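**Q** Provided herewith is a single structure, encoded as structure tokens, for subsequent inquiry.
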Amino acid sequence: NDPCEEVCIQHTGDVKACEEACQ
């Protein structure tokens with residue numbers, strides 16, 4: 001897993017959110 005998407009999900013838990021916001 002990526003730290004970015006990990007930081008998001010770990011923060012807002014919004015997977016699909018960081019998924020696109022981080023690609």
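Labels for the structure tokens follow display order: chains A, B, ..., residues from 1 in each chain, ligands from 1.
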Determine, counting only C-alpha atoms, which protein, DNA and RNA residues have an atom within 7 Å of an atom of segment 1-10 of chain A; residues of the same chain fewer than 4 positions away are not included. Present the result as number ranges by chain.
**A** A: 14-15, 18-19, 22
**Q** Among chain A, which ones does DSSP assign to alpha helix (DSSP H) (computed from the backbone)? Answer as a ChimeraX atom specification.
**A** /A:3-11,15-22
**Q** Just write the chosen residues, N, CA, C and O atoms, as a compact mmCIF listing (two decimals), in the first residue's frame.
**A**
# COMPACT_ATOMS: atom_id res chain seq x y z
N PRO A 3 1.75 5.20 1.22
CA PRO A 3 1.61 6.04 2.41
C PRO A 3 0.53 7.10 2.22
O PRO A 3 -0.21 7.42 3.15
N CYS A 4 0.45 7.62 1.01
CA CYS A 4 -0.54 8.63 0.68
C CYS A 4 -1.95 8.09 0.93
O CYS A 4 -2.63 8.50 1.88
N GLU A 5 -2.37 7.16 0.08
CA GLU A 5 -3.68 6.55 0.22
C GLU A 5 -3.87 6.03 1.65
O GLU A 5 -4.99 6.01 2.18
N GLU A 6 -2.77 5.61 2.26
CA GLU A 6 -2.79 5.11 3.62
C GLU A 6 -3.08 6.24 4.60
O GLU A 6 -3.80 6.05 5.58
N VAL A 7 -2.51 7.41 4.33
CA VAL A 7 -2.71 8.57 5.18
C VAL A 7 -4.16 9.02 5.11
O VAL A 7 -4.75 9.42 6.12
N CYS A 8 -4.74 8.93 3.92
CA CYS A 8 -6.13 9.32 3.72
C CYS A 8 -7.05 8.39 4.48
O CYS A 8 -7.76 8.80 5.39
N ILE A 9 -7.04 7.12 4.08
CA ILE A 9 -7.88 6.12 4.72
C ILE A 9 -7.69 6.14 6.23
O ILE A 9 -8.65 6.02 7.00
N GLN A 10 -6.45 6.31 6.66
CA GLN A 10 -6.14 6.37 8.08
C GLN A 10 -6.66 7.66 8.71
O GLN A 10 -6.80 7.74 9.93
N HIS A 11 -6.94 8.66 7.88
CA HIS A 11 -7.44 9.94 8.37
C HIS A 11 -8.95 10.04 8.23
O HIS A 11 -9.67 10.26 9.20
N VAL A 15 -11.36 5.65 1.13
CA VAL A 15 -10.55 4.93 0.16
C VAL A 15 -10.73 5.50 -1.24
O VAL A 15 -9.82 6.11 -1.79
N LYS A 16 -11.90 5.28 -1.82
CA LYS A 16 -12.19 5.76 -3.16
C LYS A 16 -11.81 7.23 -3.31
O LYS A 16 -11.48 7.69 -4.40
N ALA A 17 -11.85 7.97 -2.20
CA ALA A 17 -11.50 9.38 -2.22
C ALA A 17 -10.03 9.56 -2.54
O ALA A 17 -9.68 10.22 -3.53
N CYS A 18 -9.15 8.98 -1.73
CA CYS A 18 -7.72 9.10 -1.99
C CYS A 18 -7.34 8.30 -3.22
O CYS A 18 -6.39 8.62 -3.91
N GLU A 19 -8.12 7.25 -3.47
CA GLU A 19 -7.88 6.39 -4.63
C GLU A 19 -7.75 7.22 -5.90
O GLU A 19 -6.85 7.00 -6.71
N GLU A 20 -8.66 8.17 -6.06
CA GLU A 20 -8.66 9.04 -7.22
C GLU A 20 -7.79 10.27 -6.98
O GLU A 20 -7.11 10.76 -7.89
N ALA A 21 -7.81 10.78 -5.75
CA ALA A 21 -7.03 11.95 -5.38
C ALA A 21 -5.53 11.65 -5.40
O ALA A 21 -4.71 12.56 -5.49
N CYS A 22 -5.18 10.37 -5.30
CA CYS A 22 -3.78 9.95 -5.30
C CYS A 22 -3.46 9.08 -6.51
O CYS A 22 -2.30 8.96 -6.91
